[PDB]
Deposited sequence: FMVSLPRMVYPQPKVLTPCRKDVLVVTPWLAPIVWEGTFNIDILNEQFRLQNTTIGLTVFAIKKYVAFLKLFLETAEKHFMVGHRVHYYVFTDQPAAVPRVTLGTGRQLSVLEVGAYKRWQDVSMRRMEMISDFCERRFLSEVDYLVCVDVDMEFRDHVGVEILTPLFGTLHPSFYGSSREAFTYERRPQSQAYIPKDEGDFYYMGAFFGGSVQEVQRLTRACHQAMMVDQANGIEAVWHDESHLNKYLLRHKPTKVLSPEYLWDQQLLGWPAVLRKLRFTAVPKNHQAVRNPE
């Protein structure tokens, strides 16, 4: 059950005035594409706070990538779901290397120990993700070699979402780096494909994320038994999944950007969550 919103004063939406004219803001299956200027965060904050929404954030920090945790968590504290309940799940082979980061109220961090792989480390995330049902309402699954630079909030939440890959949002579908070998479960032919989604940021309700990760894990297992590894590993399988199960929101590349690589184009009003230079 969902109680009434309170009285709120904000600018009237204008039917004959689009917010953004420069970009597609709804997919052909009527999912919002989330760009700055498309949402009133005050309305959304009210809607999700009234549900006492808890957001789980999963991140893997294996071997040397423990080095990225401090900046990742400190900036998440400043920018990610502020005002909402947050539960960080840090999966690592080095529990003692996890930095002590001060968390705001209503926010918690769990360290989950795993084994380390010698492709595999990136890939096995689907298996490891696939407790959450009892503890959080939504799950967000991100890369750790990243930092938050601006608001990432409840505007992303929905049953199932993907994020536009910053290198491909302007590309035609034959240019997308999908798995092209019919022998792989991740196969997508040249005349198929909506978008190229980034493996570094996806999520949804716990139920939908578990479905997704289960499906990708099963498909990767089939590929392995067939002696094939998809070209972009888990990302290839994510793309196949979101092709056949359309996401209910798509995040713009504001939500996954690399400023060193790609600068700050006109179409991006904010750079929210960005790659941290590495070697």
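Residues of the deposited sequence lacking C-alpha coordinates, numbered from 1, fall in the stretches 119-120, 133-137, 287-294.
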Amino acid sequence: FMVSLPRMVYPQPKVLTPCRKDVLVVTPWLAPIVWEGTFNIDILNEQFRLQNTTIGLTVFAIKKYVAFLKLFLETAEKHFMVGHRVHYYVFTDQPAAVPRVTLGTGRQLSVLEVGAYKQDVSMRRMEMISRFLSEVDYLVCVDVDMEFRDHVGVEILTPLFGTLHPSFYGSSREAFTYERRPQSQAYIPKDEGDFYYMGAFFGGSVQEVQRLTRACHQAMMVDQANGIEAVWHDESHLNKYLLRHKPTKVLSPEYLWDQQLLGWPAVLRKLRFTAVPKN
From here on, numbers count along this sequence of modelled residues.
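Modelled in this chain, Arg149 is likewise resolved in all the other entries of the protein that span it on both sides, not missing from even a third of them. Note: missing coordinates for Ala116 occur in a third or more of the other compared entries bracketing this position. The mean Cα B-factor in the deposited entry runs higher for 212-220 than for the other of 37-45 and 212-220. When the mean C-alpha temperature factors of 101-109 and 154-162 are read from the deposited coordinates, 101-109 comes out higher.
Within the listed group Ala225, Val59, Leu69, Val250, the record reports its top CA B-factor for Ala225. When the C-alpha B-factors of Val144, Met128, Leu73, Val206 are read from the PDB record, the largest value belongs to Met128. Among the modelled residues of its chain, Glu77 has a C-alpha B-factor that falls in the lowest third according to the deposited record. Ranked against the other modelled residues of its chain, the C-alpha B-factor of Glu229 as given in the entry falls in the highest third. Among the modelled residues of its chain, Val121 has a C-alpha B-factor that falls in the highest third according to the deposited record. Split the chain's modelled residues into thirds by C-alpha temperature factor. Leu261 is in the middle one. Among all modelled residues in this chain, the alpha-carbon of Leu24 has a temperature factor (C-alpha) in the middle third.
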